[PDB]
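target.csv follows (CSV, N, CA and C atoms):
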```csv
chain,number,residue,atom,x,y,z
A,1,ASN,N,-40.3,9.4,43.2
A,1,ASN,CA,-41.3,10.1,44.0
A,1,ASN,C,-42.7,9.6,43.6
A,2,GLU,N,-43.1,10.0,42.4
A,2,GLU,CA,-44.4,9.7,41.9
A,2,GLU,C,-45.5,10.4,42.6
A,3,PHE,N,-46.3,11.2,41.9
A,3,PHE,CA,-47.3,12.1,42.5
A,3,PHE,C,-48.6,11.4,42.4
A,4,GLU,N,-49.3,11.1,43.5
A,4,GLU,CA,-50.6,10.5,43.6
A,4,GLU,C,-50.6,9.0,43.2
A,5,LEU,N,-50.5,8.1,44.1
A,5,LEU,CA,-50.6,6.7,43.8
A,5,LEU,C,-52.0,6.3,43.9
A,6,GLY,N,-52.6,6.0,42.8
A,6,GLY,CA,-54.0,5.6,42.8
A,6,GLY,C,-54.3,4.4,42.0
A,7,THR,N,-55.4,4.4,41.4
A,7,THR,CA,-55.9,3.3,40.7
A,7,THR,C,-55.6,3.6,39.2
A,8,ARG,N,-55.1,2.6,38.5
A,8,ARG,CA,-54.8,2.7,37.1
A,8,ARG,C,-56.1,2.2,36.4
A,9,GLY,N,-56.9,3.1,35.9
A,9,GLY,CA,-58.1,2.8,35.3
A,9,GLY,C,-57.9,2.4,33.8
A,10,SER,N,-57.2,1.4,33.6
A,10,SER,CA,-56.9,1.0,32.2
A,10,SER,C,-57.5,-0.4,32.0
A,11,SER,N,-57.6,-1.2,33.0
A,11,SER,CA,-58.1,-2.6,32.8
A,11,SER,C,-59.6,-2.6,33.1
A,12,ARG,N,-60.2,-1.4,33.2
A,12,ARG,CA,-61.6,-1.3,33.5
A,12,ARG,C,-62.4,-1.3,32.1
A,13,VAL,N,-61.6,-1.2,31.1
A,13,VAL,CA,-62.2,-1.2,29.7
A,13,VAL,C,-61.9,-2.5,29.1
A,14,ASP,N,-62.3,-2.6,27.8
A,14,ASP,CA,-62.1,-3.8,27.1
A,14,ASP,C,-60.7,-3.9,26.6
A,15,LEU,N,-60.1,-5.1,26.6
A,15,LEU,CA,-58.7,-5.3,26.3
A,15,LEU,C,-58.5,-5.6,24.9
A,16,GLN,N,-58.1,-4.7,24.1
A,16,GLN,CA,-57.8,-4.9,22.7
A,16,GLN,C,-56.4,-4.4,22.4
A,17,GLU,N,-55.9,-4.5,21.2
A,17,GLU,CA,-54.6,-3.9,20.8
A,17,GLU,C,-54.6,-2.4,20.9
A,18,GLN,N,-53.4,-1.8,20.8
A,18,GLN,CA,-53.2,-0.4,21.1
A,18,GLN,C,-53.4,-0.2,22.6
A,19,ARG,N,-53.0,-1.3,23.3
A,19,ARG,CA,-53.1,-1.4,24.8
A,19,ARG,C,-52.2,-0.4,25.4
A,20,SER,N,-51.0,-0.1,24.8
A,20,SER,CA,-50.1,0.8,25.3
A,20,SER,C,-50.6,2.2,25.0
A,21,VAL,N,-51.1,2.4,23.8
A,21,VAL,CA,-51.6,3.6,23.2
A,21,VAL,C,-50.6,4.7,23.2
A,22,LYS,N,-50.6,5.6,22.1
A,22,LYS,CA,-49.7,6.7,21.9
A,22,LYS,C,-48.3,6.1,21.5
A,23,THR,N,-47.7,5.4,22.4
A,23,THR,CA,-46.4,4.8,22.1
A,23,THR,C,-46.6,3.4,21.5
A,24,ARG,N,-47.8,3.1,21.1
A,24,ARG,CA,-48.2,1.8,20.5
A,24,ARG,C,-47.6,1.7,19.1
A,25,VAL,N,-47.4,0.5,18.6
A,25,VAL,CA,-46.9,0.2,17.3
A,25,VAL,C,-47.1,-1.3,17.0
A,26,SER,N,-47.4,-1.6,15.7
A,26,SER,CA,-47.5,-3.0,15.3
A,26,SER,C,-46.2,-3.6,14.9
A,27,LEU,N,-45.6,-3.0,13.9
A,27,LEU,CA,-44.3,-3.5,13.4
A,27,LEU,C,-43.4,-2.3,13.2
A,28,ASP,N,-42.4,-2.2,14.0
A,28,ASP,CA,-41.4,-1.1,13.9
A,28,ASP,C,-40.0,-1.6,13.6
A,29,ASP,N,-39.8,-2.9,13.8
A,29,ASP,CA,-38.4,-3.4,13.6
A,29,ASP,C,-38.3,-3.8,12.1
A,30,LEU,N,-37.6,-3.0,11.4
A,30,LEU,CA,-37.3,-3.2,10.0
A,30,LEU,C,-36.3,-4.4,9.8
A,31,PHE,N,-36.4,-5.0,8.7
A,31,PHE,CA,-35.6,-6.2,8.5
A,31,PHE,C,-34.3,-5.9,7.9
A,32,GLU,N,-33.3,-6.6,8.4
A,32,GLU,CA,-31.9,-6.6,7.9
A,32,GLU,C,-31.8,-7.6,6.8
A,33,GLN,N,-32.5,-8.7,7.0
A,33,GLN,CA,-32.6,-9.9,6.1
A,33,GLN,C,-31.4,-10.8,6.4
A,34,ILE,N,-31.5,-12.1,6.1
A,34,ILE,CA,-30.5,-13.0,6.4
A,34,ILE,C,-29.4,-13.0,5.3
A,35,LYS,N,-28.2,-13.5,5.5
A,35,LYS,CA,-27.1,-13.4,4.6
A,35,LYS,C,-26.1,-14.5,5.0
A,36,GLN,N,-25.9,-15.5,4.2
A,36,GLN,CA,-24.9,-16.5,4.5
A,36,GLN,C,-23.5,-16.2,4.1
A,37,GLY,N,-22.9,-15.5,5.0
A,37,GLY,CA,-21.5,-15.1,4.9
A,37,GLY,C,-20.7,-15.5,6.1
A,38,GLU,N,-21.4,-16.4,6.9
A,38,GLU,CA,-20.8,-16.9,8.2
A,38,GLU,C,-19.6,-17.8,7.9
A,39,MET,N,-19.9,-18.9,7.3
A,39,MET,CA,-18.9,-19.9,7.0
A,39,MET,C,-18.0,-19.5,5.9
A,40,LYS,N,-18.5,-18.6,5.0
A,40,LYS,CA,-17.9,-18.1,3.8
A,40,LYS,C,-17.9,-19.2,2.8
A,41,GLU,N,-17.5,-18.8,1.6
A,41,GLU,CA,-17.4,-19.8,0.5
A,41,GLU,C,-16.0,-19.9,0.2
A,42,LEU,N,-15.5,-21.1,0.3
A,42,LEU,CA,-14.1,-21.3,0.2
A,42,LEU,C,-13.7,-21.8,-1.2
A,43,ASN,N,-12.9,-21.1,-1.8
A,43,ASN,CA,-12.5,-21.4,-3.2
A,43,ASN,C,-11.1,-21.8,-3.2
A,44,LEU,N,-10.7,-22.7,-4.1
A,44,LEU,CA,-9.3,-23.2,-4.2
A,44,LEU,C,-9.0,-23.7,-5.6
A,45,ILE,N,-7.7,-23.9,-5.8
A,45,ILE,CA,-7.2,-24.5,-7.0
A,45,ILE,C,-6.4,-25.7,-6.6
A,46,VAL,N,-6.6,-26.8,-7.2
A,46,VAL,CA,-5.9,-28.0,-6.9
A,46,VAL,C,-4.8,-28.3,-7.9
A,47,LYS,N,-3.6,-28.6,-7.4
A,47,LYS,CA,-2.5,-28.9,-8.2
A,47,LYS,C,-1.7,-30.0,-7.6
A,48,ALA,N,-1.2,-30.9,-8.4
A,48,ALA,CA,-0.4,-32.1,-8.0
A,48,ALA,C,0.4,-32.5,-9.2
A,49,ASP,N,1.4,-33.4,-8.9
A,49,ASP,CA,2.3,-33.8,-10.0
A,49,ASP,C,1.7,-34.9,-10.8
A,50,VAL,N,0.7,-35.6,-10.1
A,50,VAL,CA,-0.1,-36.6,-10.8
A,50,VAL,C,-1.4,-35.9,-11.2
A,51,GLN,N,-1.7,-36.0,-12.5
A,51,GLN,CA,-2.9,-35.3,-12.9
A,51,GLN,C,-4.2,-35.8,-12.3
A,52,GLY,N,-4.3,-37.1,-12.1
A,52,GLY,CA,-5.5,-37.6,-11.6
A,52,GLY,C,-5.5,-37.5,-10.1
A,53,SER,N,-4.6,-36.8,-9.5
A,53,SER,CA,-4.6,-36.6,-8.1
A,53,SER,C,-5.4,-35.3,-8.0
A,54,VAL,N,-5.2,-34.4,-9.0
A,54,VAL,CA,-5.9,-33.2,-9.1
A,54,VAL,C,-7.4,-33.5,-9.4
A,55,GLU,N,-7.6,-34.4,-10.3
A,55,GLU,CA,-8.9,-34.7,-10.8
A,55,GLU,C,-9.7,-35.4,-9.7
A,56,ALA,N,-9.1,-36.3,-9.0
A,56,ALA,CA,-9.7,-37.0,-7.9
A,56,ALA,C,-10.2,-36.0,-6.8
A,57,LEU,N,-9.4,-35.0,-6.5
A,57,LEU,CA,-9.7,-34.0,-5.5
A,57,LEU,C,-10.8,-33.1,-6.0
A,58,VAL,N,-10.7,-32.7,-7.3
A,58,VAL,CA,-11.7,-31.9,-8.0
A,58,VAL,C,-13.1,-32.6,-8.0
A,59,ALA,N,-13.0,-33.9,-8.2
A,59,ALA,CA,-14.3,-34.7,-8.3
A,59,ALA,C,-15.0,-34.8,-6.9
A,60,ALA,N,-14.2,-34.5,-5.9
A,60,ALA,CA,-14.8,-34.6,-4.5
A,60,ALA,C,-15.2,-33.2,-4.1
A,61,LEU,N,-14.5,-32.2,-4.7
A,61,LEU,CA,-14.6,-30.8,-4.4
A,61,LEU,C,-15.8,-30.2,-5.2
A,62,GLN,N,-16.1,-30.7,-6.4
A,62,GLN,CA,-17.2,-30.2,-7.2
A,62,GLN,C,-18.5,-30.8,-6.6
A,63,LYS,N,-18.5,-31.9,-5.9
A,63,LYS,CA,-19.7,-32.5,-5.3
A,63,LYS,C,-20.0,-31.9,-3.9
A,64,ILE,N,-19.2,-30.9,-3.5
A,64,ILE,CA,-19.4,-30.2,-2.3
A,64,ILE,C,-20.6,-29.3,-2.5
A,65,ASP,N,-21.7,-29.6,-2.1
A,65,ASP,CA,-22.9,-28.8,-2.2
A,65,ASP,C,-23.6,-28.7,-0.9
A,66,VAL,N,-22.9,-29.2,0.2
A,66,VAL,CA,-23.4,-29.2,1.5
A,66,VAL,C,-23.8,-27.9,2.0
A,67,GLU,N,-24.9,-27.8,2.7
A,67,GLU,CA,-25.5,-26.6,3.2
A,67,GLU,C,-24.7,-26.1,4.4
A,68,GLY,N,-24.3,-24.9,4.3
A,68,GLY,CA,-23.5,-24.3,5.3
A,68,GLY,C,-22.2,-23.8,4.8
A,69,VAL,N,-21.2,-24.7,4.8
A,69,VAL,CA,-19.8,-24.3,4.3
A,69,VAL,C,-19.6,-24.8,2.9
A,70,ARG,N,-19.6,-23.9,2.0
A,70,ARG,CA,-19.3,-24.2,0.6
A,70,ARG,C,-17.9,-24.2,0.3
A,71,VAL,N,-17.4,-25.2,-0.2
A,71,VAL,CA,-16.0,-25.3,-0.7
A,71,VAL,C,-16.0,-25.8,-2.1
A,72,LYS,N,-15.3,-25.1,-3.0
A,72,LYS,CA,-15.4,-25.4,-4.4
A,72,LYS,C,-14.1,-25.1,-5.1
A,73,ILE,N,-13.8,-25.8,-6.1
A,73,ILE,CA,-12.6,-25.6,-6.9
A,73,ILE,C,-12.9,-24.6,-8.0
A,74,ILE,N,-11.9,-23.9,-8.4
A,74,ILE,CA,-12.0,-22.9,-9.5
A,74,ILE,C,-11.1,-23.3,-10.6
A,75,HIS,N,-10.1,-24.2,-10.3
A,75,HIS,CA,-9.2,-24.5,-11.3
A,75,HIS,C,-8.4,-25.8,-10.9
A,76,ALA,N,-8.0,-26.6,-11.8
A,76,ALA,CA,-7.2,-27.8,-11.6
A,76,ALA,C,-6.2,-27.9,-12.6
A,77,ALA,N,-5.0,-28.4,-12.3
A,77,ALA,CA,-3.9,-28.5,-13.3
A,77,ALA,C,-2.8,-29.5,-12.7
A,78,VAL,N,-2.2,-30.2,-13.6
A,78,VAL,CA,-1.1,-31.0,-13.3
A,78,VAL,C,0.2,-30.2,-13.4
A,79,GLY,N,0.6,-29.7,-12.3
A,79,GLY,CA,1.8,-28.9,-12.3
A,79,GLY,C,2.1,-28.4,-11.0
A,80,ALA,N,3.1,-27.7,-10.8
A,80,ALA,CA,3.5,-27.1,-9.6
A,80,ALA,C,3.0,-25.7,-9.6
A,81,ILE,N,3.3,-24.9,-8.5
A,81,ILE,CA,2.8,-23.5,-8.4
A,81,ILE,C,3.5,-22.6,-9.3
A,82,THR,N,2.9,-22.2,-10.3
A,82,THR,CA,3.5,-21.3,-11.3
A,82,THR,C,2.9,-19.9,-11.2
A,83,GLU,N,3.7,-19.0,-11.5
A,83,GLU,CA,3.4,-17.5,-11.5
A,83,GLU,C,2.0,-17.2,-12.1
A,84,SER,N,1.8,-17.8,-13.3
A,84,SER,CA,0.5,-17.5,-14.0
A,84,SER,C,-0.7,-18.0,-13.2
A,85,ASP,N,-0.5,-19.1,-12.5
A,85,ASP,CA,-1.7,-19.7,-11.8
A,85,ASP,C,-2.0,-18.9,-10.5
A,86,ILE,N,-1.0,-18.3,-10.0
A,86,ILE,CA,-1.1,-17.4,-8.8
A,86,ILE,C,-2.1,-16.3,-9.0
A,87,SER,N,-2.0,-15.7,-10.2
A,87,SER,CA,-2.9,-14.7,-10.6
A,87,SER,C,-4.4,-15.1,-10.5
A,88,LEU,N,-4.7,-16.4,-10.7
A,88,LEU,CA,-6.0,-16.9,-10.5
A,88,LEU,C,-6.4,-16.9,-9.0
A,89,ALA,N,-5.4,-17.3,-8.3
A,89,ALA,CA,-5.5,-17.4,-6.8
A,89,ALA,C,-6.1,-16.1,-6.2
A,90,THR,N,-5.5,-15.0,-6.5
A,90,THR,CA,-5.9,-13.7,-6.0
A,90,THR,C,-7.2,-13.3,-6.7
A,91,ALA,N,-7.5,-13.8,-7.9
A,91,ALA,CA,-8.7,-13.5,-8.7
A,91,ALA,C,-9.9,-14.0,-8.1
A,92,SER,N,-10.0,-15.3,-8.0
A,92,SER,CA,-11.2,-16.0,-7.5
A,92,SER,C,-11.1,-16.3,-6.0
A,93,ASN,N,-10.0,-15.8,-5.4
A,93,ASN,CA,-9.7,-16.0,-3.9
A,93,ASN,C,-9.5,-17.5,-3.6
A,94,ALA,N,-9.1,-18.2,-4.7
A,94,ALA,CA,-8.8,-19.6,-4.6
A,94,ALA,C,-7.4,-19.8,-4.4
A,95,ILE,N,-7.0,-20.4,-3.3
A,95,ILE,CA,-5.6,-20.6,-3.0
A,95,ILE,C,-5.1,-21.9,-3.5
A,96,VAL,N,-3.8,-22.0,-3.8
A,96,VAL,CA,-3.3,-23.2,-4.4
A,96,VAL,C,-2.8,-24.1,-3.4
A,97,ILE,N,-3.4,-25.3,-3.4
A,97,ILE,CA,-2.9,-26.3,-2.6
A,97,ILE,C,-2.2,-27.3,-3.5
A,98,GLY,N,-0.9,-27.3,-3.3
A,98,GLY,CA,-0.1,-28.1,-4.1
A,98,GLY,C,0.4,-29.3,-3.3
A,99,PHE,N,0.4,-30.4,-4.0
A,99,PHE,CA,0.8,-31.6,-3.2
A,99,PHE,C,2.3,-31.9,-3.5
A,100,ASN,N,3.2,-31.4,-2.6
A,100,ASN,CA,4.7,-31.5,-2.6
A,100,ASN,C,5.2,-30.9,-3.9
A,101,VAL,N,4.4,-30.1,-4.6
A,101,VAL,CA,4.8,-29.6,-6.0
A,101,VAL,C,5.8,-28.4,-5.9
A,102,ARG,N,5.4,-27.4,-5.1
A,102,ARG,CA,6.3,-26.2,-4.8
A,102,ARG,C,6.2,-25.2,-6.0
A,103,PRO,N,6.6,-24.0,-5.8
A,103,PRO,CA,6.5,-22.9,-6.8
A,103,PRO,C,7.8,-22.6,-7.4
A,104,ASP,N,7.7,-21.7,-8.4
A,104,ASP,CA,8.9,-21.0,-8.9
A,104,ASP,C,9.4,-20.1,-7.9
A,105,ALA,N,10.6,-19.7,-8.0
A,105,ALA,CA,11.2,-18.7,-7.0
A,105,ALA,C,10.6,-17.4,-7.2
A,106,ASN,N,10.1,-17.1,-8.4
A,106,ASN,CA,9.4,-15.8,-8.6
A,106,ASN,C,7.9,-16.0,-8.3
A,107,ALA,N,7.4,-17.2,-8.5
A,107,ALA,CA,6.0,-17.4,-8.2
A,107,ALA,C,5.8,-17.3,-6.7
A,108,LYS,N,6.7,-17.9,-5.9
A,108,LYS,CA,6.6,-17.8,-4.4
A,108,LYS,C,6.5,-16.3,-4.0
A,109,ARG,N,7.2,-15.4,-4.7
A,109,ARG,CA,7.2,-14.0,-4.5
A,109,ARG,C,5.9,-13.4,-4.9
A,110,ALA,N,5.5,-13.7,-6.1
A,110,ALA,CA,4.3,-13.3,-6.8
A,110,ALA,C,3.1,-13.6,-5.9
A,111,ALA,N,3.1,-14.8,-5.4
A,111,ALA,CA,2.0,-15.2,-4.5
A,111,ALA,C,1.7,-14.2,-3.4
A,112,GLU,N,2.7,-13.9,-2.8
A,112,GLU,CA,2.6,-13.0,-1.6
A,112,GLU,C,2.4,-11.6,-2.0
A,113,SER,N,2.9,-11.2,-3.2
A,113,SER,CA,2.7,-9.9,-3.7
A,113,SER,C,1.4,-9.8,-4.4
A,114,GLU,N,0.6,-10.9,-4.3
A,114,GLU,CA,-0.7,-11.1,-4.8
A,114,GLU,C,-1.7,-11.4,-3.8
A,115,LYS,N,-1.3,-11.2,-2.6
A,115,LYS,CA,-2.2,-11.5,-1.5
A,115,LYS,C,-2.6,-12.9,-1.3
A,116,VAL,N,-1.9,-13.8,-1.9
A,116,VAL,CA,-2.2,-15.2,-1.8
A,116,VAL,C,-1.0,-16.1,-1.4
A,117,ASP,N,-1.1,-16.7,-0.3
A,117,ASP,CA,0.0,-17.6,0.1
A,117,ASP,C,-0.4,-19.0,-0.2
A,118,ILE,N,0.6,-19.7,-0.7
A,118,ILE,CA,0.4,-21.0,-1.2
A,118,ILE,C,0.8,-22.0,-0.2
A,119,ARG,N,0.2,-23.1,-0.2
A,119,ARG,CA,0.5,-24.2,0.8
A,119,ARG,C,0.8,-25.5,0.1
A,120,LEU,N,2.0,-26.0,0.4
A,120,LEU,CA,2.4,-27.2,-0.3
A,120,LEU,C,3.5,-27.9,0.5
A,121,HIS,N,3.8,-29.2,0.3
A,121,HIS,CA,4.9,-29.9,0.9
A,121,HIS,C,4.7,-29.9,2.5
A,122,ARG,N,3.5,-29.9,2.9
A,122,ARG,CA,3.1,-29.8,4.3
A,122,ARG,C,3.3,-31.1,5.1
A,123,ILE,N,4.4,-31.7,4.8
A,123,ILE,CA,4.9,-32.9,5.5
A,123,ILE,C,5.1,-32.5,6.9
A,124,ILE,N,6.0,-31.5,7.1
A,124,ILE,CA,6.3,-30.9,8.4
A,124,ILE,C,7.2,-29.7,8.2
A,125,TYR,N,6.8,-28.5,8.6
A,125,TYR,CA,7.6,-27.4,8.7
A,125,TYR,C,7.8,-27.2,10.2
A,126,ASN,N,9.0,-27.5,10.7
A,126,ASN,CA,9.2,-27.6,12.1
A,126,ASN,C,9.3,-26.2,12.7
A,127,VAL,N,8.2,-25.6,12.9
A,127,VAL,CA,8.1,-24.3,13.5
A,127,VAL,C,8.1,-24.4,15.1
A,128,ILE,N,8.0,-25.6,15.5
A,128,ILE,CA,8.0,-25.9,16.9
A,128,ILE,C,9.4,-26.0,17.5
A,129,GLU,N,9.9,-24.9,18.0
A,129,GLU,CA,11.2,-24.8,18.7
A,129,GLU,C,12.4,-24.9,17.7
A,130,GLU,N,13.2,-23.9,17.7
A,130,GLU,CA,14.4,-24.0,16.9
A,130,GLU,C,15.4,-24.7,17.9
A,131,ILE,N,15.6,-26.0,17.7
A,131,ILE,CA,16.5,-26.7,18.6
A,131,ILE,C,18.0,-26.6,18.2
A,132,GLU,N,18.5,-25.4,18.6
A,132,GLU,CA,19.9,-25.0,18.5
A,132,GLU,C,19.9,-23.6,19.0
A,133,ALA,N,20.9,-23.2,19.8
A,133,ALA,CA,20.9,-21.8,20.5
A,133,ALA,C,19.7,-21.7,21.4
A,134,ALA,N,19.2,-22.9,21.8
A,134,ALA,CA,18.1,-23.0,22.7
A,134,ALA,C,18.5,-23.8,23.9
A,135,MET,N,17.9,-23.5,25.0
A,135,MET,CA,18.2,-24.2,26.2
A,135,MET,C,16.9,-24.3,27.0
```
How would this structure read if it were set down as structure tokens?
Amino acid sequence: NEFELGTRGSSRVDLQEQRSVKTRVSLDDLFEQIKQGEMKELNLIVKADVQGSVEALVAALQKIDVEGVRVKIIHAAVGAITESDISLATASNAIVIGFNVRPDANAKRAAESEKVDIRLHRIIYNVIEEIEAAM
């Protein structure tokens, strides 16, 4: 509706700040501040049956200082996935990437009961179609 449409005598004066007036404000938006948790920081443990396979990977992993996605190693060892090492996995959130090494039957259990699944022997796990009883 609006009662009395007339002249807005606001631009008849000098134009400075507090132009809105009453509902005026300089800085009202408080800062949340930035926080790099986007890409996350990826931690892992390297294990292989060849010691210098671990070291070679670690040497590439420790030099990861690239801005954005940080990936770093927490532990390296020449061995397969052992129960004791899994406890590091859930500790530093570093998962164990084993190169065809594989775990103990209890470690494989421990891993999962420790919130950390281990990945190894990733030649091919044929999850694509069970070709039998299939048509």
Nearest to residue 96 (chain A): which of A:78, A:13, A:120, A:21 is it, counting only N, CA and C atoms? A:120
What residues in chain A get the DSSP label alpha helix (DSSP H)? Please answer as a PDB file with N, CA and C atoms, keeping the file's coordinate frame.
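The new file result_18.pdb reads:
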```pdb
ATOM      1  N   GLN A  51      -1.700 -36.000 -12.500  1.00  0.00           N
ATOM      2  CA  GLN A  51      -2.900 -35.300 -12.900  1.00  0.00           C
ATOM      3  C   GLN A  51      -4.200 -35.800 -12.300  1.00  0.00           C
ATOM      4  N   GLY A  52      -4.300 -37.100 -12.100  1.00  0.00           N
ATOM      5  CA  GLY A  52      -5.500 -37.600 -11.600  1.00  0.00           C
ATOM      6  C   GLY A  52      -5.500 -37.500 -10.100  1.00  0.00           C
ATOM      7  N   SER A  53      -4.600 -36.800  -9.500  1.00  0.00           N
ATOM      8  CA  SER A  53      -4.600 -36.600  -8.100  1.00  0.00           C
ATOM      9  C   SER A  53      -5.400 -35.300  -8.000  1.00  0.00           C
ATOM     10  N   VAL A  54      -5.200 -34.400  -9.000  1.00  0.00           N
ATOM     11  CA  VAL A  54      -5.900 -33.200  -9.100  1.00  0.00           C
ATOM     12  C   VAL A  54      -7.400 -33.500  -9.400  1.00  0.00           C
ATOM     13  N   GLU A  55      -7.600 -34.400 -10.300  1.00  0.00           N
ATOM     14  CA  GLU A  55      -8.900 -34.700 -10.800  1.00  0.00           C
ATOM     15  C   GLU A  55      -9.700 -35.400  -9.700  1.00  0.00           C
ATOM     16  N   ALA A  56      -9.100 -36.300  -9.000  1.00  0.00           N
ATOM     17  CA  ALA A  56      -9.700 -37.000  -7.900  1.00  0.00           C
ATOM     18  C   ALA A  56     -10.200 -36.000  -6.800  1.00  0.00           C
ATOM     19  N   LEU A  57      -9.400 -35.000  -6.500  1.00  0.00           N
ATOM     20  CA  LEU A  57      -9.700 -34.000  -5.500  1.00  0.00           C
ATOM     21  C   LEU A  57     -10.800 -33.100  -6.000  1.00  0.00           C
ATOM     22  N   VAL A  58     -10.700 -32.700  -7.300  1.00  0.00           N
ATOM     23  CA  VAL A  58     -11.700 -31.900  -8.000  1.00  0.00           C
ATOM     24  C   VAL A  58     -13.100 -32.600  -8.000  1.00  0.00           C
ATOM     25  N   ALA A  59     -13.000 -33.900  -8.200  1.00  0.00           N
ATOM     26  CA  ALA A  59     -14.300 -34.700  -8.300  1.00  0.00           C
ATOM     27  C   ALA A  59     -15.000 -34.800  -6.900  1.00  0.00           C
ATOM     28  N   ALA A  60     -14.200 -34.500  -5.900  1.00  0.00           N
ATOM     29  CA  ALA A  60     -14.800 -34.600  -4.500  1.00  0.00           C
ATOM     30  C   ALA A  60     -15.200 -33.200  -4.100  1.00  0.00           C
ATOM     31  N   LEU A  61     -14.500 -32.200  -4.700  1.00  0.00           N
ATOM     32  CA  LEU A  61     -14.600 -30.800  -4.400  1.00  0.00           C
ATOM     33  C   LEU A  61     -15.800 -30.200  -5.200  1.00  0.00           C
ATOM     34  N   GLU A  83       3.700 -19.000 -11.500  1.00  0.00           N
ATOM     35  CA  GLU A  83       3.400 -17.500 -11.500  1.00  0.00           C
ATOM     36  C   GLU A  83       2.000 -17.200 -12.100  1.00  0.00           C
ATOM     37  N   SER A  84       1.800 -17.800 -13.300  1.00  0.00           N
ATOM     38  CA  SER A  84       0.500 -17.500 -14.000  1.00  0.00           C
ATOM     39  C   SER A  84      -0.700 -18.000 -13.200  1.00  0.00           C
ATOM     40  N   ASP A  85      -0.500 -19.100 -12.500  1.00  0.00           N
ATOM     41  CA  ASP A  85      -1.700 -19.700 -11.800  1.00  0.00           C
ATOM     42  C   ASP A  85      -2.000 -18.900 -10.500  1.00  0.00           C
ATOM     43  N   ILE A  86      -1.000 -18.300 -10.000  1.00  0.00           N
ATOM     44  CA  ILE A  86      -1.100 -17.400  -8.800  1.00  0.00           C
ATOM     45  C   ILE A  86      -2.100 -16.300  -9.000  1.00  0.00           C
ATOM     46  N   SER A  87      -2.000 -15.700 -10.200  1.00  0.00           N
ATOM     47  CA  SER A  87      -2.900 -14.700 -10.600  1.00  0.00           C
ATOM     48  C   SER A  87      -4.400 -15.100 -10.500  1.00  0.00           C
ATOM     49  N   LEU A  88      -4.700 -16.400 -10.700  1.00  0.00           N
ATOM     50  CA  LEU A  88      -6.000 -16.900 -10.500  1.00  0.00           C
ATOM     51  C   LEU A  88      -6.400 -16.900  -9.000  1.00  0.00           C
ATOM     52  N   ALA A  89      -5.400 -17.300  -8.300  1.00  0.00           N
ATOM     53  CA  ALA A  89      -5.500 -17.400  -6.800  1.00  0.00           C
ATOM     54  C   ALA A  89      -6.100 -16.100  -6.200  1.00  0.00           C
ATOM     55  N   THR A  90      -5.500 -15.000  -6.500  1.00  0.00           N
ATOM     56  CA  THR A  90      -5.900 -13.700  -6.000  1.00  0.00           C
ATOM     57  C   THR A  90      -7.200 -13.300  -6.700  1.00  0.00           C
ATOM     58  N   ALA A  91      -7.500 -13.800  -7.900  1.00  0.00           N
ATOM     59  CA  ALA A  91      -8.700 -13.500  -8.700  1.00  0.00           C
ATOM     60  C   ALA A  91      -9.900 -14.000  -8.100  1.00  0.00           C
ATOM     61  N   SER A  92     -10.000 -15.300  -8.000  1.00  0.00           N
ATOM     62  CA  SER A  92     -11.200 -16.000  -7.500  1.00  0.00           C
ATOM     63  C   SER A  92     -11.100 -16.300  -6.000  1.00  0.00           C
ATOM     64  N   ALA A 107       7.400 -17.200  -8.500  1.00  0.00           N
ATOM     65  CA  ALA A 107       6.000 -17.400  -8.200  1.00  0.00           C
ATOM     66  C   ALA A 107       5.800 -17.300  -6.700  1.00  0.00           C
ATOM     67  N   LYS A 108       6.700 -17.900  -5.900  1.00  0.00           N
ATOM     68  CA  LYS A 108       6.600 -17.800  -4.400  1.00  0.00           C
ATOM     69  C   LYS A 108       6.500 -16.300  -4.000  1.00  0.00           C
ATOM     70  N   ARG A 109       7.200 -15.400  -4.700  1.00  0.00           N
ATOM     71  CA  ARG A 109       7.200 -14.000  -4.500  1.00  0.00           C
ATOM     72  C   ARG A 109       5.900 -13.400  -4.900  1.00  0.00           C
ATOM     73  N   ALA A 110       5.500 -13.700  -6.100  1.00  0.00           N
ATOM     74  CA  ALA A 110       4.300 -13.300  -6.800  1.00  0.00           C
ATOM     75  C   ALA A 110       3.100 -13.600  -5.900  1.00  0.00           C
ATOM     76  N   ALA A 111       3.100 -14.800  -5.400  1.00  0.00           N
ATOM     77  CA  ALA A 111       2.000 -15.200  -4.500  1.00  0.00           C
ATOM     78  C   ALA A 111       1.700 -14.200  -3.400  1.00  0.00           C
ATOM     79  N   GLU A 112       2.700 -13.900  -2.800  1.00  0.00           N
ATOM     80  CA  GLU A 112       2.600 -13.000  -1.600  1.00  0.00           C
ATOM     81  C   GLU A 112       2.400 -11.600  -2.000  1.00  0.00           C
TER      82      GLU A 112
END
```
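Distance-wise, atom N of residue 60 (chain A) and atom C of residue 92 (chain A) end up 18.5 Å apart.
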What separation in Å, quoted to one decimal, exists between CA of residue 109 (chain A) and CA of residue 89 (chain A)? 13.3 Å
Find the residues near residue 69 (chain A): any atom within 8 Å, counting all atoms listed in the file, skip ones fewer than 6 places away on the same chain, and give them as a ChimeraX atom specification. /A:38-42
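Minimum atom-to-atom distance to residue 36 (chain A), evaluated using only N, CA and C atoms, belongs to A:68 out of A:51, A:24, A:128, A:68.
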